[PDB]
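The chain below stands alone and is given in structure tokens; this is the form deposited in one PDB entry.
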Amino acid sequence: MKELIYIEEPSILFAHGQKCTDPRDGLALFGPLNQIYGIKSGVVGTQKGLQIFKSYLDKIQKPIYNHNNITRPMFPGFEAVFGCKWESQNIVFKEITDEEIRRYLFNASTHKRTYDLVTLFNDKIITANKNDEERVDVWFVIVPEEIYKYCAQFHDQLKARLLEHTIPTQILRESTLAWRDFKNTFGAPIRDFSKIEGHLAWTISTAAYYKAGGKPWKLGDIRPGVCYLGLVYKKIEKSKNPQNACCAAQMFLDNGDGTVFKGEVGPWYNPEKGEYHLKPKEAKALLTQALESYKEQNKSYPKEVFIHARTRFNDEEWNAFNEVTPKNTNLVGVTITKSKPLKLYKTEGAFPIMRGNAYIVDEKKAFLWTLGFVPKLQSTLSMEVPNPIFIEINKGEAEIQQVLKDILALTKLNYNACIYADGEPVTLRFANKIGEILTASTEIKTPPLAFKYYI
């Protein structure tokens, strides 16, 4: 008779060598590892956007409560949590009038409006970065809702064309942080945050500190010389332009640092054959990028390299992978998917499965219940009934419990959101964003490898 094995909740390190489980409570208790002295925030938008940013940046100075701290922990304050400085003064500001917007809105091509508005914001940001002397570490962009309701993605090509100058920025909607007076015709806020102000403050603060340059939290258990290569398989889709395979890759080596290199556009196997079997040259180029960057950042050769993807791996690609890697090291490829259905229902009570349960069907294939009820939060992250992920290793000698606990540890390193956990591992989560940003503009040849310029 078959049972389900359990994987313990992994720990995340904090300040002074301390470990917790929930990053929100640990942030309220200990604080970040490496400290930054402060950040000067810049805003581009109308005067309404400036006053709304000032009223929030203020509001977030004061402590904000939720209904309870069991699921939605309180916000002690920016300086109390992170130990940095944030104010309403020394804020640079670039304004936009409504004459040009009204005059150009009456055109026939929506894409022309997207182009010229994004270039308006881009050249204002670039000119401020190249003529003004006050240092700006983060640029916060406020968008009016008229262009959202009357006029492919904005921030996608915004970050893509800002990527050649290496400037971090974040996009803030007008209804996000001014929801008090943004209601529909009926009379209720459709973006209602009447209880959720703590989550909004937590997410904004964590994103701002990540774009600041500081490291909020990392993971502890790292054996000497192990690298996880989360291989992007997001498909570029730009019509008759030959998309083929624009695979990218992440790697996590010694901290939460994500050093993502540009995979080749890959003229092999135009999408009539999308089985994604990499030819030796491009495969060894990708592996050589990963290995050389590991050599640069750690000076020692990797003992074992893990590969995360979403499709199956065949023999010629693996033999191409193996020869460049030396005789000592070991390589393993892991496939993660969501489409496989297996839903487990609970006999008594009204609660879901717990996070940490694992189901093994063989040495190669297994399951893992990432989402569900969490004892610490005393709730579940998922909605309705959680859906697991199917994990199978193609070939390579490794322990199944090790890869299960490794993906479970990797699930908690989300930096854009201050949530307990997400379903997919954060390598595959940053996969979609890195692909969308990097294949929104072909015109870049040496993109940066950091993360603050993407999320």
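Position 1 is the first residue in the sequence shown; the rest follow in order. Here the rigid core means the biggest group of C-alpha atoms that line up within 1.5 Å when the two forms are laid on top of each other.
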Review point. Is it true that at least a third of the other compared entries have no coordinates for residue 167?
Key: no
Practice item. Please establish whether a third or more of the other compared PDB entries omit coordinates for residue 149. Key: yes
Point to revise | Unresolved deposited residues in the interval that joins residue 92 and residue 93 | key: none
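Note that the form deposited in another entry isn't included here; everything after this is about it.
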Review point. After aligning the rigid core, which of 210, 86, 294, 276 is the one whose Cα travels 2 Å or more between this form and the one not shown?
Key: 276
Exercise for review: Determine whether the C-alpha of residue 384 shifts by 2 Å or more between this form and the one not shown once the rigid core is superposed.
Suggested key: no
Review point. Taking the rigid core as reference, does the Cα of residue 67 move 2 Å or more between this form and the one not shown?
Key: yes
Review point. Does the distance between the two CA positions of residue 101 reach 2 Å or more between this form and the one not shown, the core being superposed?
Key: yes
Study note, to complete from the structure: Per the comparison in that other deposited form, the residue 272 and residue 440 C-alpha atoms (change 3 Å or more) are positioned farther
Check your understanding: Closer or farther: how do the CA atoms of residue 68 and residue 29 lie in that other deposited form, compared with the form shown, if the change is at least 3 Å?
Key -> farther
